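Chemist: Here you go, one structure.
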Amino acid sequence: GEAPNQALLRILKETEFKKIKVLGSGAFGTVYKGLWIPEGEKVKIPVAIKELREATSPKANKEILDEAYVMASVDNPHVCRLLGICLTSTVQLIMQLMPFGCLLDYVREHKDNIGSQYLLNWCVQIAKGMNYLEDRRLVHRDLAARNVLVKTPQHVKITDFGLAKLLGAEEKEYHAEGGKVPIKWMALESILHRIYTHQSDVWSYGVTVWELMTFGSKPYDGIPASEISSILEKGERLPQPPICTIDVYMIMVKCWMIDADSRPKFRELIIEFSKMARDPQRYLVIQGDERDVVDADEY
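Residues 696 to 986, 1009 to 1016 in the entry's author numbering are what the sequence shown spells out, letter by letter.
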């Protein structure tokens, strides 16, 4: 009793796209840069390519196709879309590559030029995007400043659905079974019970905001992951960013509550920030404030 998906999954030939440089690598495989040159069309399109490690792992080969499915079905202005998929022996994913890298790497550069009206807008956008996902019953499981592409300083998008997971008509949570996870970004509940919910993503959002407000600082710096859980159970959290009014930090604090039902909801996170974004100066203290080829969107 739902709507038909109709999302298009385009298949690409290993010859339609080249790899320029590697961007990251892990137990999954590797993510290269390179550009795509559609069949026939005389236009180069910079994209990101995620290739696997081995084409013999029924587990990874299944998850990879899952990630494809979800990134191919999402249709939001603040969520990256999959461009195509290459069913080569080691399945490759071809997605959008924002011309400004990730929001994390952005703020660590323009930190001395980043105003408030901007930071608050990014908060709005990310939330808008996540809320969209909540509607699709999706759980990013991997929100972080590192996983937020920058299409333009006035427009950012979410990506990386490696860990992402879909929910069952009745299912309200998802239980995971082992596999590397970013501890310093996940809810206490996802550590003590490996449980992941929409409210768990809210937690990650918090942490993500902190990064932005800190201009890319590293959370729980040094403090190794093999204790966070204990730190958290001790009521300890990330400190209040100097530039942040109690008004803002509070939203963050509410994000990192033990009771998942006491944390804010992406629906309301959008209103809350939206409000603030109208009077940024009254929420952020950032002295000096007032001071061949295509894009990827060409159906």
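Note that the Cβ used here is the ideal one computed from N, Cα and C, for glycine as well.
Taking 7 Å as the cut-off, decide whether the C-beta atoms of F961 and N826 are in contact.
Modeler: Closer than 7 Å, so yes.
Chemist: Report back the beta-carbon spacing between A871 and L833 to the nearest angstrom; my notes put them in contact at under 8 Å.
Modeler: Wrong, their Cβ atoms sit about 15 Å apart, outside the cutoff.
Chemist: Please state the DSSP three-state secondary structure of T903.
Modeler: Helix at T903.
Chemist: Could you please give me the residues that DSSP links to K860 through a beta bridge?
Modeler: Per DSSP, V834.
Chemist: Look up residue 992 in the DSSP assignment and say whether it is helix, strand or coil.
Modeler: For residue 992, nothing is modelled; it lies in the interval where the chain passes from 986 to 1009 with no residues in between.
Chemist: Would you list the one or two residues that DSSP bridges to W951?
Modeler: Its beta-bridge partners do not exist; DSSP assigns none.
Chemist: Please report the straight-line C-alpha distance between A839 and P733, rounded to a whole angstrom.
Modeler: If I take the Cα positions, the gap works out to 31 Å.
Chemist: Does the contact criterion of 3 or more C-beta pairs under 8 Å hold for the stretch 880–891 versus the stretch 808–824?
Modeler: Touching, no.
Chemist: Per DSSP, which one or two residues make a beta bridge with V845?
Modeler: Its beta-bridge partners are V851.
Chemist: Going by DSSP in three states, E746 sits in which element: helix, strand or coil?
Modeler: It is a strand residue.
Chemist: Can you look up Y1016 in the DSSP assignment and give me helix, strand or coil?
Modeler: It is coil, neither helix nor strand.
Chemist: Check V819 in the structure and name its three-state DSSP category.
Modeler: The answer is helix: DSSP assigns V819 an H, G or I state.
Chemist: Roughly how many angstroms separate the alpha carbons of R932 and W898, rounded to a whole number?
Modeler: Straight-line Cα distance between these residues: approximately 12 Å.
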